[PDB]
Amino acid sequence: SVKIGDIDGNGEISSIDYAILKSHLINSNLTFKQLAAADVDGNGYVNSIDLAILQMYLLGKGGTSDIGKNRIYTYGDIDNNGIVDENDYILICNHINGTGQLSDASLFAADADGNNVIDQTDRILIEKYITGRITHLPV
């Protein structure tokens, strides 16, 4: 499960989560799972606006946000429309071929073997899943 804002993965939202995101925005260091947790506003990309929303939440000053909620994801569902199908395959293929970069927040769903790399193995697994040759993704 991915908890929005829970950058260190410990299940609770704290100033350490914020510190890790702030450091990442200076020098990238977050895993795919952390990038999914870091996309506080849900627009797919991890940036200083996400950081700001997390700051306002932690200081008690925030409006309504998804911080603390479990993020809805399905492995292989890269566009997060609730189905794994050939449009998900296209997104990962273009990513691998250099003709379209996956959003920061969708890398976790694309990483079908959970090794924090997007490569041919992920594509093949999604291909097998779509065509019914495997019942689930290994992750």
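One-based numbering along the sequence shown.
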74 to 82 versus 90 to 98: which one carries the higher mean Cα B factor per the record?
74 to 82
If you average the CA temperature factors over each stretch, which comes out higher, 126 to 134 or 12 to 20?
126 to 134
Per the PDB entry, maximal CA B factor within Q55, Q34, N27, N47
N27
Report the third (lowest, middle or highest) to which the CA temperature factor of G42 belongs, ranking only the modelled residues of the same chain.
middle
